[PDB]
Amino acid sequence: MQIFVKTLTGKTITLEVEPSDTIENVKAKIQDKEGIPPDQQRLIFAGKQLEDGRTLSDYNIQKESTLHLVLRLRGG
Amino acid sequence: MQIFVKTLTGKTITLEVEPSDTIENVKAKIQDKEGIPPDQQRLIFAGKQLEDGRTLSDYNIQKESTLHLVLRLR
Amino acid sequence: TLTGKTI
Amino acid sequence: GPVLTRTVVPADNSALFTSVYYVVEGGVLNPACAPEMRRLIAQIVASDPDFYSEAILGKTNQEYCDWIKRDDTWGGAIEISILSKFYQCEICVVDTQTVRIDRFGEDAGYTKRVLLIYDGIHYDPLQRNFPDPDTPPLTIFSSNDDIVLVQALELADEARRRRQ
Amino acid sequence: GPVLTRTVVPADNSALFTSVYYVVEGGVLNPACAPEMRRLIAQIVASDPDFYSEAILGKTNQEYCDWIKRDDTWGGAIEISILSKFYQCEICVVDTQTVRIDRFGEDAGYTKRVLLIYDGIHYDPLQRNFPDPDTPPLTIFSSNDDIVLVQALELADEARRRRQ
Ligand SMILES: [Mg+2]
């Protein structure tokens, strides 16, 4: 099915997934599509940061759901 | 022939090509492998921006290359 | 200090 | 050809703010800007607790505001997205860890673009230097100017190599 | 006597963990300890669900374990009580905001004691230095050492004094 990822940078990533997909594989699909390394990804859905071990159905993520992406870019 | 492309997203890419393939048809082959609209994209070689009508012959690129794709999002 | 940052 | 160049700002924990300031102001290094820029962040975070939720911030809205106001906390993506809008320009972070560019203000149609270089720990501003004695460096580029992004990507490659 | 010495750890949201690590390991500065210490804490919280319940957690057991393992969330009293048992020592926190010492593990008869300083947001580890620089600072004290409590609380009295 399809889900979306709204980024802080601005764009919205469209993805192709199955509810059986791990959050891990969700981040892996983002690396393939946008080059962003998994470790640098925070996905927030429904007021929770998504944990890698779980699946999209565990977080009750359905088709046309919009996830939120924030990059770990702290420096100083 | 066969070439390289680099995205700003940190990805090195390869592509199937011939010296008569226009840039627009090179700007469409990106829609085939990555799905990025033509009007959103810009290609660059040797510090030059590559208009659509022009061809990879007169842009003097053939083999063992590198390239850069840059997005005009909207 | 090592790494390090000081104001 | 003019050359993309890093200027090294103090690594005092505020280098994100100092670097942003340097580029949006056209090349002004002023470390004292940081406390004010942080207060501006806190003002904007507190103004939208619906968006800046506990989930996004990893703590309460109020806690985040107090945290970011400190002189020892590091700015990141939240701060850059905010500064992009405030200054109404694209803020392109060139990440030399894996050599990629994160473009804040990507889809807001700003006319202006600025660049920071980031190694995972430090931020410094980038600028274009000219070989002509009379032409001062430029830190603000047109959103049309995609070649500067290419030069930045290469500078990222080189910077990665040199660091190792 | 003379006040204790503060060693500054990064304000990177894991300062509690880094500070506890620093003192219990005798003076070792390692911010990379944090993901493991958080994991350790999640184990314990999940290792005894009946005890570590939503009543003291502020959210469900599983919610807490997930929360405390984020790299951006703050540890507090729950984490200090747990780490106090784990490292088998009194953990005494000088609060410069409230001007007092909170002692964790006081009634358990631990033989040793460590000190942290806290300003309401940021933890740093405290130590007692020696003039002989070849002698490493001391970070673990007898649980009967009153003087170390004094040298620590002075830092808090001095902070309040400065606000006046
Ligand atoms: Mg008592």
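- Structure determination for this entry is recorded as X-ray crystallography, at 2.35 Å resolution.

### Observations concerning the overall build of chain D
So, point 1. Across its full length, chain D carries six helices and six strands.
So, point 2. The order of helices and strands in chain D, counted from the N terminus, is β-α-α-α-α-α-β-β-β-β-β-α.
So, point 3. For chain D, the C-alpha radius of gyration of 16 Å lies close to 15 Å, the compact-globule estimate for 164 residues.
So, point 4. Considering only C-alpha atoms, chain D reaches an extent of 50 × 35 × 30 Å along its principal axes.

### Remarks on empty space enclosed by the protein
So, point 1. Here the second largest cavity defines a volume of roughly 90 Å³.
So, point 2. Considering the residues around the second largest cavity, the lining is formed by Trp67(D), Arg70(D), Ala11(E), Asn13(E), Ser14(E), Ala15(E), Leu16(E), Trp74(E), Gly75(E), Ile121(E), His122(E) and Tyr123(E).
So, point 3. For the lining of the second largest cavity, the per-class residue count stands at seven nonpolar, four polar and one charged.

### Notes on the packing of helix α2 (residues 34-47) of chain E against helix α5 (residues 77-87) of chain E
All names here are of chain E.
So, point 1. Contact geometry for α2 and α5: axes closest at 11 Å, N-to-C directions at 95°. The orientation of α2 relative to α5 falls into the category roughly perpendicular. Taken together, the residues of α5 that come into contact with α2 (itself represented by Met-37, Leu-40, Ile-41, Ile-44 and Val-45) are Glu-79, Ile-82, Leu-83, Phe-86 and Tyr-87.
So, point 2. A per-class count over the contact of α2 with α5 returns nine nonpolar, no polar and one charged.

### Focus: the interface of chain D and chain E
So, point 1. Every contact between the two is made by twelve residues of chain D and, on the other side, ten residues of chain E.
So, point 2. Between chain D and chain E, roughly 880 Å² of surface is buried when both sides are summed, and carbon and sulfur atoms account for 52% of that area.
So, point 3. For the interface between chain D and chain E, the tally reads one salt bridge.
So, point 4. In this structure, the salt-bridge partner of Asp119(E) is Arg70(D), at a minimum N-O distance of 2.8 Å.
So, point 5. Where chain D touches chain E, the interface holds five residue pairs in polar contact.
So, point 6. At the level of secondary structure, the elements contributing two or more residues to the side of chain D that touches chain E comprise α3 (54-57) and α4 (61-69) of chain D.
So, point 7. The element that contributes the greatest number of residues to the side of chain D that touches chain E is α3(D), accounting for four residues.
So, point 8. Here the side of chain D that touches chain E is composed, by residue class, of four nonpolar, two polar and six charged.

### Quick word on the sheet that holds strand β1 (residues 2-7) of chain A
So, point 1. Reading across from one edge, β2-β1-β5-β3-β4 (chain A) is the order of the five strands in this open sheet, with mixed pairing throughout. In this open sheet, the two edge strands, each paired with only one partner strand, are β2 (12-16) and β4 (48-49) of chain A.

### A closer look at unusual backbone geometry
Excluding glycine, residues mostly have negative phi values, and the peptide bonds linking residues are mostly trans.
So, point 1. Cis geometry is adopted by the peptide bond preceding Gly4(C), which originates at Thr3(C) and carries an omega value of -5°.
So, point 2. At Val99(D), a residue that is not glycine, the phi angle is positive and equals roughly 60°.
So, point 3. Here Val99(D) is to be found in the loop between β2 (90-95) and β3 (100-104).

### Here's the deal with the interface of chain D and chain A
So, point 1. Contacts between the two partners involve 34 residues from chain D, matched on the other side by 20 residues from chain A.
So, point 2. At the level of elements, α1 (15-24), α3, α4, α5 (77-87) and β3 of chain D are the ones that each hand at least two residues to the side of chain D that touches chain A.

### Thoughts on the UniProt feature "domain: OTU" in chain D
So, point 1. If you check UniProt for "domain: OTU", the listed places come out as residues 4-129 of chain D in our numbering.
So, point 2. The distance from the first to the last C-alpha atom of residues 4-129 of chain D is 6 Å, and the span holds 37% helix and 22% strand.

### Remarks on the sheet that holds strand β4 (residues 48-49) of chain B
Residues and elements named next belong to chain B.
So, point 1. Spatial strand order, β2-β1-β5-β3-β4: five strands in an open sheet with mixed pairing. The outermost strands of the open sheet, each flanked by one partner alone, are β2 (12-16) and β4.
So, point 2. Summarising the sheet, strand β1 (residues 2-7) and β2 pair through five bridges and their orientation is antiparallel. Bridge assignment links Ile-3 to a residue of β2, and that residue is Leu-15.

Parameters and conventions
Residues numbered from 1 in each chain as written, not as in the entry; some residues may be left out. Chains lettered and ligands numbered in written order. Heavy atoms only, no water. Residues with missing side-chain atoms left out of burial classes, pairs and counts. Helix = DSSP H or I, 4+ residues; strand = E, 2+ residues; numbered from the N terminus. Rg over C-alpha atoms; globule rule 2.2 N^0.38 Å. 1 Å grid on protein atoms, 1.4 Å probe; cavity = no way out; pocket = protein on both sides within 12 Å on 5 of 7 lines; lining within 4 Å. Points joined across faces, edges and corners; volume = space filled by probe spheres on them. Nonpolar A, V, L, I, M, F, W, Y, C, P; charged D, E, K, R; others polar. Axes fitted to C-alpha atoms, helices over the stretch in contact; angles between N-to-C directions. Parallel < 35°, antiparallel > 145°, perpendicular 65-115°, else oblique. Contact = heavy atoms within 4.5 Å. Buried area = accessible area lost by both parts, 1.4 Å probe. Salt bridge = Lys/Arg side-chain N within 4 Å of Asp/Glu carboxyl O. Polar contact = N/O pair within 3.5 Å; in protein donor to acceptor, adjacent residues only side chain to side chain. Pairing = 2+ DSSP bridges. UniProt positions renumbered as here; feature names shortened; annotations may be inferred.

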